[PDB]
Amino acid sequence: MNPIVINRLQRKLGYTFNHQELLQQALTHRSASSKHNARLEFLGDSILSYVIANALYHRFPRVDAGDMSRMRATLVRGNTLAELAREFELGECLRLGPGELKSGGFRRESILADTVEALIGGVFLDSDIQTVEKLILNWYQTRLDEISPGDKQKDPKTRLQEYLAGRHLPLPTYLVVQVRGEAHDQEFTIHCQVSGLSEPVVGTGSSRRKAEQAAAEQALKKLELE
């Protein structure tokens, strides 16, 4: 790995590795080598879940376990990890196989998010739980300072079905009416039928559930609930 890139990353992360081989392995995707970051990712995911649980427990003494669960999901889900990866410019540091280099793997959300978790595993093994907890809390400071509990942490599909279920109304139906693209790069169009609306609401996305979420968001607005 090129030390020009690795030294910049260590500066941005706030952590200089004693064992550079741990950092190299954390940055190595399985397309590049049989010695890759998948075990580190498993370990780092578990550290992250604990650090964020502890942070929410202390920051929000009056909220119940449901609130903390939804807040933690917002913070540790793949989309948020990918955001952090882009903030660290992590794509420049990934060790990828040739197939990935030629297909945009350095921008691939799943690989970026996995590598954030693997870096946490690596920093932990290079130091200790106290050190990596402080590092994660630094990375998350702005998000933890801005997050708030309540139904704003509930996704649109959840909010819509609870709105309907609480009024003994039928659950919405979601139907794929159109798929455009090739089997590996699709755009879905969903039509959502909702009790009380005369027309289906439309949502689009690169997966069916992303399109359903977009459709549920539209239904909530058309129902004048938000």
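All residue numbers refer to positions in the sequence shown, first residue = 1.
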*Is the mean CA B factor in the deposited entry higher across 195 to 203 or across 47 to 55?*
195 to 203
*Could you check the entry and say whether 94 to 102 or 117 to 125 has the higher mean CA B-factor?*
94 to 102
_Deposited CA B-factor, highest of 28, 173, 161, 186_ = 186
*Cα B factor band for residue 148 (lowest, middle or highest third within the chain)*: highest
_Ranking every modelled residue in this chain by its Cα temperature factor as given in the entry, which third contains residue 67?_
highest
*asked:* Based on the deposited C-alpha B factors for this chain, I'd like to know if residue 89 is in the lowest, middle or highest third.
replied: highest
_Lowest, middle or highest third: which one holds residue 16 when the chain's residues are ordered by CA B-factor from the entry?_
lowest
*Mind checking which third residue 133 falls in for C-alpha B-factor across the chain?*
lowest
